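Single chain ahead, written as structure tokens, the form deposited in one PDB entry.
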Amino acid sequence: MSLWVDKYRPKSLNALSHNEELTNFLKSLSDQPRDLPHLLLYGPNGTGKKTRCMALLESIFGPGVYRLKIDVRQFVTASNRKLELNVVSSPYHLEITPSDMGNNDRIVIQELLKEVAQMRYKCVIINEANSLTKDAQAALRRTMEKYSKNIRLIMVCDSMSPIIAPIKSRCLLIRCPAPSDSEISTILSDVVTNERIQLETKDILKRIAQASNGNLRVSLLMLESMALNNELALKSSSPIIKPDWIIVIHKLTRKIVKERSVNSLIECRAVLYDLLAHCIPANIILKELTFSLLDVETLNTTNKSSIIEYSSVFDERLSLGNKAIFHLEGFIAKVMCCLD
């Protein structure tokens, strides 16, 4: 489409100018397709783990992988609740996303597995697999073990810590490291040479590369934003722009550091309500909020240590819970107590 994220996606392993070691690893695993075990790709977001999986299916299956359709199936759960989740369909492979609700997500995966496992192997890809609430993983650790000839499981996730030990035990650990500033600068240069961008100085490319912090999708989206706003002219004085989420987190951090009162608590609670209404997971909000708090030069080592300790405590508290408001409110109260 018109989005820049689909036009520059690699078409085969020849276009994987990201990591020579990872490309050689994929070629080695594609050398013997029959002996391919279950695979687990891990790395920071934007590294292209989905791209590596898709290219691996290209190397294994061959043609017909890029041509796929979308299907919708009905599911039944406890009581009379009915849930709908979209699955993409291809003639050879299949993959299903856990984007549905995380409680009854196990039974949908089970019924898909025993519906497509009635009878060379059919690879299945589970992106963002860390969202499984220890039940879908408990189903997979048996489904892939008992069926190790008809369907091969491909695990796509990051931060394996919520993932249980047996799932990682019956999976292959393959790295997808984030590239340095050089590789992302070169890929941005390739993009702007593919287009017609009036780049004045190469320093702005380095700055827009460093703004992503090891994340290709946000870098490419913000490059498209710069091209649209500045009329395809990447001048040295190009105004840097950031998504409004980081802007409002910076504003909330400034509000906390400038004053420690109760009205500020009400305002930041309202901001938290708005952010959770913006349909965003709370773990990344806590992570980037703690990043913003630690960026202030006024903070001292004892206050920063207390901040990170409370951040870790409320991180495990949020992980062992569902009401994201309580943990964020408690962490903000703790950091305001520490600052005051």
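For clarity, a rigid core is taken as the largest C-alpha set superposing within 1.5 Å between two forms. Throughout, we count residues from 1 along the sequence that is shown.
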If I compare the deposited sequence with the modelled residues, how many are absent between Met119 and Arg120: none, 1 to 3, 4 to 9, or 10 or more? 10 or more
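One more form of this protein should be noted, the form deposited in another entry, which is absent from this view; the next part is about it.
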Give the option from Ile266, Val76, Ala233, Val248 whose C-alpha shifts by 2 Å or more between this form and the one not shown; the alignment is on the rigid core. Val76
Superposing on the rigid core, is the CA of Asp181 displaced by 2 Å or more between this form and the one not shown? no
Could you check, with the core superposed, whether the Cα atom of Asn213 shifts 2 Å or more between this form and the one not shown? no
Checking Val192 here: with the core superposed, does its CA move 2 Å or more between this form and the one not shown? no
